[PDB]
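A quick note on method: Cβ atoms are made from the backbone with ideal geometry, for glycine too, and the neighbour counts reach across all protein chains shown. Nothing in this text is a laboratory measurement; each read-out follows from the coordinates by a stated rule.
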Amino acid sequence: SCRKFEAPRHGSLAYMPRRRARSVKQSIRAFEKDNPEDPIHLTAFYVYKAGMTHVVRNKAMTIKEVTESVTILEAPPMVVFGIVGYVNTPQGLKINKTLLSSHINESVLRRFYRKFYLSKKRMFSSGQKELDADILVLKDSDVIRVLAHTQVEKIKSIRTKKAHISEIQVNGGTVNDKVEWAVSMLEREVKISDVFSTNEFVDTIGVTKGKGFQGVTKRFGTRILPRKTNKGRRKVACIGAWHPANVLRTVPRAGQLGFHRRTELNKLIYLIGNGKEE
Amino acid sequence: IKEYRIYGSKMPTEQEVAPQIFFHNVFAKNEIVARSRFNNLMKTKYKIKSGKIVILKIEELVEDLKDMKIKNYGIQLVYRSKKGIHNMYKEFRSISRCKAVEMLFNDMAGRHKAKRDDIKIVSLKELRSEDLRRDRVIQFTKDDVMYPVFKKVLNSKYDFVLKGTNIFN
Amino acid sequence: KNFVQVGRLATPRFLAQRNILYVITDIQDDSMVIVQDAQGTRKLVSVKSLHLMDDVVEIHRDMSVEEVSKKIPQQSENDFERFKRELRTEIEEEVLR
Amino acid sequence: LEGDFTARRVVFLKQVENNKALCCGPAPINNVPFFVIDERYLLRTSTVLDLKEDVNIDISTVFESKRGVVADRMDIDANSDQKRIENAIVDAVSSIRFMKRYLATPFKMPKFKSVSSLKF
Amino acid sequence: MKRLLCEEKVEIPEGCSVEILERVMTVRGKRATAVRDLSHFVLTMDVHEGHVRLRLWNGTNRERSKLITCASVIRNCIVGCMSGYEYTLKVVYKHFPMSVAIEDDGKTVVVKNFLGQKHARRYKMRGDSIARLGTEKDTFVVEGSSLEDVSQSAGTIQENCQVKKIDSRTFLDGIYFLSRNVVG
Amino acid sequence: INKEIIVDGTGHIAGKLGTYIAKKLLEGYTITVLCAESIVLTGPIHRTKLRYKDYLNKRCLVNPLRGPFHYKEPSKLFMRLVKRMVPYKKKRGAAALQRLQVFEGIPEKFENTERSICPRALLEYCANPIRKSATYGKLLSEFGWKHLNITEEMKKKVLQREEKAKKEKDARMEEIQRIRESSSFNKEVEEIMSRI
Amino acid sequence: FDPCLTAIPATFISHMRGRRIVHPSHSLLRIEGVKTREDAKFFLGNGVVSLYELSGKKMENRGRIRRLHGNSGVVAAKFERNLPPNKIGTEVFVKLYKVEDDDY
RNA sequence: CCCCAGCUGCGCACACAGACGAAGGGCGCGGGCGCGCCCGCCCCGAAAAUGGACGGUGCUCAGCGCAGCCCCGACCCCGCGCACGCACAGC
RNA sequence: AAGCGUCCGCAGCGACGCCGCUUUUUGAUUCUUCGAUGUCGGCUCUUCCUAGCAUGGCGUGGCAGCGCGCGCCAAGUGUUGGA
RNA sequence: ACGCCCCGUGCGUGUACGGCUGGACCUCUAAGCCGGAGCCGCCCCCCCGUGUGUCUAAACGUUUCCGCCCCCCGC
Ligand SMILES: Nc1ncnc2c1ncn2[C@@H]1O[C@H](COP(=O)(O)O)[C@@H](O)[C@H]1O
Ligand SMILES: [Mg+2]
Ligand SMILES: [Mg+2]
Ligand SMILES: [Mg+2]
Ligand SMILES: [Mg+2]
Ligand SMILES: [Mg+2]
């Protein structure tokens, strides 16, 4: 029969199944819409979370002083070392041509090894006579992305020399000029100030803090059962009706909480600065 | 189907040596339905039931289709629906009388779901073009009528063929 | 666009029976039509069962069977003859080299 | 159709006892010796040669080709009357223009379109 | 009733050429040239003897009704591509003066202060249609080369600028059709 | 026997094409269906959309990960049609389904191939022109298949290359015909038959 | 010797069956090019062979086209050994000579 | 088509219809009778709870009707052989 | 559709009657279960239906506005704290 | 968490419905067309598993680094 008092569902079904993320680095699943009248620019960057503080800012409406929590994302410049071109196929997007630089350093080829200290470092032994043929087929692409890696050794607090590699879409005009910019930027660093600016909204993609196997009260916020409850209070009591004779996937069960991929929209950049300058 | 003229009478006895001879013109599938449609009319017009009927003659009325033109036929019929019994008058153009009633049966079945046994024909008269009452059959009585074929029809039995092959023409 | 009219030549719609000529002698309705064979026999057929040829023959509504059959235009293989046929193309492809 | 030779145009001579048939596609022309097979395995074609000679030959030693076995028989023999009646159908094949190529060529199936096309 | 043949022809006047291939029609008139697709009709379209002929064989009353609309849509496309249509619209208001104004060279009409509303109702013009103010004030006229794009462009304004959610008997303000006629 | 058929899907009624496809598949034919975005569903489009929304509504409430899967491509939706015209749970029907490959448009693997049609399943043969109809790509482009325009553009570039090669090939059929009719060729031919 | 040189290939499409009950002694064949019942009358009584391999060794299972089947030129054949349902969809070769019901 | 076996013709219907239904209705279409009736098809009336059932696929000539010729299909019937029973040229 | 509704059968109602639907009531029955299917309510938690309460779009009024009534489409999101 | 931040807009089919043109004298309808719902579908977001692209490797089944991975060790 009908439940006596109605209430919203505990937790979103949009994020169920709550599984662990497949990686710690998340690739951009969707870049912004490429506008040919826009100038050539990159669309993403890869930063590292340093910590939080709060700023005080004047909120003009009369002026009222407000304080707001901010968070500081350390962004060493990313080195562009490859180009990936895509074509619009009736099955979707397809790799048209991958063009790498002749130089791949010890940081970014640490990523290609599981145990690097025991390795022989022979990845990417790799001709420059085929560049113009590879640039020409790359000009036939529909979507141009650069292969950029992070410079994780520049942080030095993270005991990680192994770099994070990702594709960043080159948005601008006339795919000819996209790869002419991209071959210019091979083995060059891209600053965070070149990609973003202050008071603009960005989307952050990352993996949450892992909480391990958690019960339903933390995982979903279901009500703790009363004090008299035999066999446990931090539960959902009825996990399903008699029919259907299975448990639905919509019922909150105990499992993995945290270490999920999350994309948060419209995070405003308050300040872009350098950690050395005051 | 076929047309039958079935002659019959009461079986002659010592009391009635020459009974009155009757005949019925039936459009039937065969002679056994034609005997059956004759026996009901002797049972219901007169009171002669089928045990006391002798069927004197059954002949197939067949037309000579020597030069085979199309005649017009006006058919007065009585058909029984699920709801009642009604009179209808239908006009057809056909080859023979026995083909025109086949056009009657396929039309009453298509338009009214009247089965062949649910239909009794009052009269079938071959008509002039001037005496036709249906304007649809009048259109084809005009000389020099012409129309094209717009339905596609295949020129063989095919399961799969290449694209270039003509199949309709 | 070939029309169904009296005097329009026709053949059976099947390709294996295209050797037979018909001529439309009378029109019943949208769908049925009397055709006359070159052998003089007439039969009522469907319009869908015919493939209309391009030619129309000078026939009017009430003509005799002999009168229409005057105006209809006039219309096997062995293994050895098939061999002689296939050998002809056998050499014909060799000359083109 | 089913013999040692099994796609070879030959000519038919005589029907023999126990359901057999004497045949010789002439050994100069198509390299086929005298043989007897079953009567049914001969697919009949419409063309007949004009052979007037008597075909009552000394069949006692002729190589009989069975159905499935492709057993390699011994080569050609003395051929007392076989040489004469072979030359009579080489005489018959010379009168007709392309018939020499016909008996030499192995049989190919006609491209099927109907069973009327399978008349032979 | 299934007549054996229903036929009507549309007399192509002098100065325009009509070309019909596989039930699409290209008219080349003085005012504009429009290419019209009539393949939703099941008809034989041919232009012969200077009048486009539509013929229907053994057609039902449903089909020959569609014969006539194909004839009237060809009549309208011809004199739209020859003369051109224009629709006249009267702006009616009791209390608040509506101000209609054209932008984008007559490709859009703004309507402001409709019933004292702040929201500016813009209405775009479906292709090859031009709006301008009426020579009489409190009127604007939309004019173009096809009756459907003219009467829909005017028709959206007559549909959207009525008064809804307040009583339409007491509130009579809105834009209405006055007169519908061809150019000249 | 050449038991490999390449079907062009334009102008075909879907379930009527699928019966002749599945009956061939169970007899050992390997069928490939091209241009599956143009396979036709008869009737007006709104009835066909309600049939699709009825399909989308059916899912496992307990676990839709194992529910009735809903296909937005015309190729996988047409594959789903022929899937149940064979006995696919048995090994004879699943083996037959491995001989289907259904594609939208013409991929360049199928450039210059020889495409077939099922004329008993054609829309111009079966349907009345009074009746409405709609293709798969007309339906499914409003149900999440985003690739209608890129299919038709790449379809056109294949058909223009094939029309180009047909313009070259039939000219070679023209000149070979004009050569084989020439009296120089004939007396060359009767000279060889003289020597045989 | 190729089978397609002298014999017409026919695809083994089904056994003779009901909707459910299957009688495997009679195999239904579809001869190529044969599309009508009167066309298949040319092949009544004709021998038929199904060629297969057992441990790489070639075998001939011989049969006779026994009766017609349907209106579409499908014929029913009875072989020495019944055809397995594995071979449904594969080809068997129809001979051009008649054989008898006793003697294949 | 699953699934053995279909073709030739003539009609009719468009409603996610055929594929549960009433009273009462429908300038919906097709026939018929004297604007009103009648007959077919369709429509409205016609709303249930896991997602889902003309059996499914699907079908708009795979629906609703008819005709012609054909085909498939039981251990039935027929014929033959064998087993067993009988009072046994057989049943 | 008798009547009511200022006049006005149908804006909205609607008697006297009649036709249905539903299985959310209770019976009727006794088909399943008596070598047992744990019997009310609540708490908890999920889902579904629409005969739609709110929220979205509308049509209608005996709708001036404000409001209220009647009807339509739509089951997305909601539908509380207490004696 | 009792604290703080983000959940923003869009696009499309098209419901009811309003319209346009327009037939069988009007007519939103029979053909066609326009607009149109918190619905529906995309987009976004999350998950899945299959693919795509790139990189890389010696000897004579054994030697063994020839390419590596895994355990072990630490965090
Ligand atoms: N009953 C009909 N009367 C007139 N034209 C028709 C009819 N049926 C089809 N058509 C037209 O015939 C053409 C298609 O015929 P087809 O030559 O078969 O492609 C199209 O222009 C149709 O509109
Ligand atoms: Mg307790
Ligand atoms: Mg079958
Ligand atoms: Mg018995
Ligand atoms: Mg128990
Ligand atoms: Mg229990």
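Quick notes on this one:
- Condition check for A:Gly206: surrounded by 13 or more Cβ atoms within 10 Å (Cβ to Cβ), within 24 Å of A:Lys25 (Cβ to Cβ) and not hydroxyl-bearing (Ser, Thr, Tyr): yes
- Within the stretch E:141-184, considering residues that are hydroxyl-bearing (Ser, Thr, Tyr) and in contact with a strand residue (DSSP E or B) (Cβ under 9 Å, 6 or more places away or on another chain), the one farthest from RNA strand H (Cβ to nearest atom): E:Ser145
- Residues of the stretch F:6-39 satisfying the condition of being more than 14 Å from chain G (Cβ to nearest Cβ) and either of a type in the set (D, E, K, R) or within 16 Å of ligand 1 (Cβ to nearest atom) (or both): F:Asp8, F:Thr10, F:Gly11, F:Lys16, F:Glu37
- The set of residues in the stretch F:55-97 that are among the polar types (S, T, N, Q) and buried (at least 20 other Cβ atoms within 10 Å of the Cβ) contains only F:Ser75.
- Restricting the stretch A:88-105 to residues that are touching a strand residue (DSSP E or B) at 6+ places or on another chain (Cβ under 7 Å) and surrounded by 15 or more Cβ atoms within 10 Å (Cβ to Cβ), the residue that is nearest to the other protein chains (Cβ to nearest Cβ): A:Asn96
- Subset of the stretch A:232-278 that is of a type in the set (A, V, I, L, M, F, W, C) and within 28 Å of the chain's Cα centre (by Cα) - its residue that is nearest to ligand 1 (Cβ to nearest atom): A:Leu265
- Among (1) surrounded by fewer than 17 Cβ atoms within 10 Å (Cβ to Cβ); (2) more than 14 Å from chain A (Cβ to nearest Cβ) - the single one F:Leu100 does not satisfy: (1)
- Condition met for A:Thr222 (part of a loop (DSSP other than H, G, I, E, B), under 20 Å from A:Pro8 (Cβ atoms), within 8 Å of RNA strand I (Cβ to nearest atom) and within 14 Å of chain F (Cβ to nearest Cβ)): no
- Selected residue (only one of F:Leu34, F:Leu25, F:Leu77 is within 18 Å of the chain's Cα centre (by Cα), hydrophobic (A, V, I, L, M, F, W, C) and closer than 24 Å to B:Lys152 by Cβ): F:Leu34
- Residue within the stretch A:1-13 that is surrounded by 10 or more Cβ atoms within 10 Å (Cβ to Cβ), away from RNA strand I (no atom under 16 Å from the Cβ) and in a loop (DSSP other than H, G, I, E, B) present: no
- Taking the criterion of being of a type in the set (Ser, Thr, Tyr) and near RNA strand H (Cβ under 10 Å from one of its atoms), the only residue of the stretch B:107-162 that qualifies is B:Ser156.
- In the stretch C:12-26, of all residues being within 10 Å of another protein chain (Cβ to nearest Cβ) and surrounded by 17 or more Cβ atoms within 10 Å (Cβ to Cβ), the one that is nearest to RNA strand H (Cβ to nearest atom) corresponds to C:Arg13.
- Scanning the stretch A:251-268 finds no residues that are of a type in the set (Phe, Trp, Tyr), within 14 Å of chain F (Cβ to nearest Cβ) and in a loop (DSSP other than H, G, I, E, B).
- Filter pass, F:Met173 being over 22 Å from the mean Cα position of the chain (by Cα) and among the aliphatic types (A, V, I, L, M): yes
- Residue under evaluation B:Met68, criteria (1) surrounded by 15 or more Cβ atoms within 10 Å (Cβ to Cβ); (2) near RNA strand H (Cβ under 10 Å from one of its atoms), criterion not met: (2)
- Unique match (being farther than 30 Å from E:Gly29 by Cβ and polar (S, T, N, Q)) among E:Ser99, E:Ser151, E:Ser145: E:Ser99
- Per the listing F:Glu114, F:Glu73, the residue uniquely within 11 Å of another protein chain (Cβ to nearest Cβ), among the charged types (D, E, K, R) and touching a helix residue (DSSP H, G or I) at 6+ places or on another chain (Cβ under 8 Å) is F:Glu73.
- Output for the stretch F:103-156, where each listed residue is assigned to a helix (DSSP H, G or I), touching an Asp or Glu at 6+ places or on another chain (Cβ under 9 Å) and away from RNA strand H (no atom under 16 Å from the Cβ): F:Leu148, F:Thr151, F:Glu152, F:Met154, F:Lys155
- Of the candidates A:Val183, A:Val216, the single residue that is more than 11 Å from RNA strand I (Cβ to nearest atom) and surrounded by 12 or more Cβ atoms within 10 Å (Cβ to Cβ) is A:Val183.
- The criterion of at least 1 residues that are facing another protein chain (nearest Cβ under 7 Å), surrounded by 18 or more Cβ atoms within 10 Å (Cβ to Cβ) and of a type in the set (D, E, K, R) is met, among strands (runs of 3 or more DSSP E) falling completely within the stretch C:31-70, by C:42-46.
- Residues in the stretch D:40-57 that are exposed (fewer than 11 other Cβ atoms within 10 Å of the Cβ) and touching a helix residue (DSSP H, G or I) at 6+ places or on another chain (Cβ under 9 Å) were compared, and the one that is nearest to the other protein chains (Cβ to nearest Cβ) is D:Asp50.
- Single match in G:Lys87, G:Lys95 (criterion: away from ligand 2 (no atom under 16 Å from the Cβ), in contact with a strand residue (DSSP E or B) (Cβ under 7 Å, 6 or more places away or on another chain) and under 20 Å from F:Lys3 (Cβ atoms)): G:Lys87
- Within the stretch G:69-84, being in contact with a strand residue (DSSP E or B) (Cβ under 6 Å, 6 or more places away or on another chain) and crowded, with 18+ Cβ neighbours inside 10 Å holds for G:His69, G:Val74, G:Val75, G:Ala76, G:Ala77, G:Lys78, G:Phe79, G:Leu83.
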